[PDB]
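Just so you know, structure 1 and structure 2 below are the same protein chain in two forms, each on its own as structure tokens.
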Structure 1
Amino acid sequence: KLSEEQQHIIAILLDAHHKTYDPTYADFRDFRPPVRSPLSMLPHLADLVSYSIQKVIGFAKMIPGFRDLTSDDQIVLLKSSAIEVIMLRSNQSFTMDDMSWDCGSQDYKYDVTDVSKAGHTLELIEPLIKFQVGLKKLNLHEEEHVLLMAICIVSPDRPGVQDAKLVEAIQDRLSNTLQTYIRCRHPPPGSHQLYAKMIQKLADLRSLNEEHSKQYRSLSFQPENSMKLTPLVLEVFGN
């Protein structure tokens, strides 16, 4: 069923994730502290998001084939996908108890009001929670989770991509691996239904990306807000 190459890819992506997602959340103590300013949570959550961008870059570099892309295409894929992979990877800390992101302590536990205290409105947050709930209900194995993140990043339809055919070839291999993994665990029609819902999630992420971009542009236009961001966030999310 799963070929040696497909097992290889999954092993590599699982290891990449283990090396770039820290489930102890130990580094959160190095951020500017959460304060519960109208945007009182923006220092803390800008540091968290900027840290997460760094981890997404570290994950992306280990995706088989990502190295074969030009530096230009690597940059455009990361710039376009960073926000989506952040939304996807944050689902590992999301909890269905109170619809919040629980990072090991009450100080580092974030609800809808915390996200609104970083500047976003329910225009973004309501669909983001709906997204997190629906992804949680898929009950993905870690193997599917890491494949979805990689498929998310290596998408040939990102604006700016120069070698779309190469990007597509890389993504096709990942997509074939994920489809085969699903088939190994689930007979039809459940296999097709599950893959279909994972594809819908990637489409949802594009809409969330667009809405985040709109709200980020309006927020970062005020210098009193940009002042609270990090240099890495300004570079990656700007432009």
Structure 2
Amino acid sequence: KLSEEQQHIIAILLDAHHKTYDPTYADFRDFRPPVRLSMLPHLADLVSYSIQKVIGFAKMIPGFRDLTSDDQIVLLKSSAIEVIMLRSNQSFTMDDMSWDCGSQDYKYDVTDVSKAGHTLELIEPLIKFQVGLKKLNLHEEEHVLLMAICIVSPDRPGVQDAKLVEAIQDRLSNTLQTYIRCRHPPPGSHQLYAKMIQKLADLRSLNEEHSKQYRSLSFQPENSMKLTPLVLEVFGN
């Protein structure tokens, strides 16, 4: 049976996501215009925007406030790119293997991601991830839970209070496991939890590749000028 507390957690996550995720993408206009490292100014801004939205989602997660701010900081810094990649799935379209944001100018393709400082080494595995995640055909409830579980990870380096961070994660993971069983019908249900957890593992690797690529881009001072200060603080550290 799905419990009242667990139903509460799903309602909170779904609403927090609606508040932090606009399917219109209206704000995209605020970003520096994309050029088709022509993309980098535009895409750095989108990531900087995405970071802010991820933070707003993270605050809403039940039990996240209980954590020390330092622990809040460590989780967000390490998970930010991963959550942004998970969130992106919503815009990502199988039809063209690209992220569609509503307009041609805001529609993003491997060349565009390449256009702004990223190797295929990152991009080829990332596109595979979006395809595999899309295949899962997750309920919005599942997608929101995965993002939350990803943010609250006990193992992230620098974590002070893993015991608390695991206890918060466990409640979210139990809610997801119970939700799949109670509200997810076979066959889609089949091995659905384990597959979602595998996606978290794929994220870690994607995150690591991003770190090394960002650092290479970061090392050149001129390229670093293109980025936002919030991007420099989080991914730059």
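Shifts are known only where both forms have a C-alpha. Definition used throughout: the rigid core is the maximal C-alpha set that superposes within 1.5 Å between two forms. Numbering runs along the sequence of structure 1, starting at 1.
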Practice problem: Fix the rigid core, compare C-alpha positions between structures 1 and 2, and report which of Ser191, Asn209, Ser175, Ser50 shifts by 2 Å or more. | Solution: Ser191
Exercise. Could the core-superposed CA displacement of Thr24 between structures 1 and 2 be given in angstrom, to one decimal?
Key: 0.4
Exercise. Superpose the two forms on the rigid core, then report in sequence order the stretches of at least three consecutive residues whose Cα positions each move 2 Å or more between structures 1 and 2.
Key: 185-192
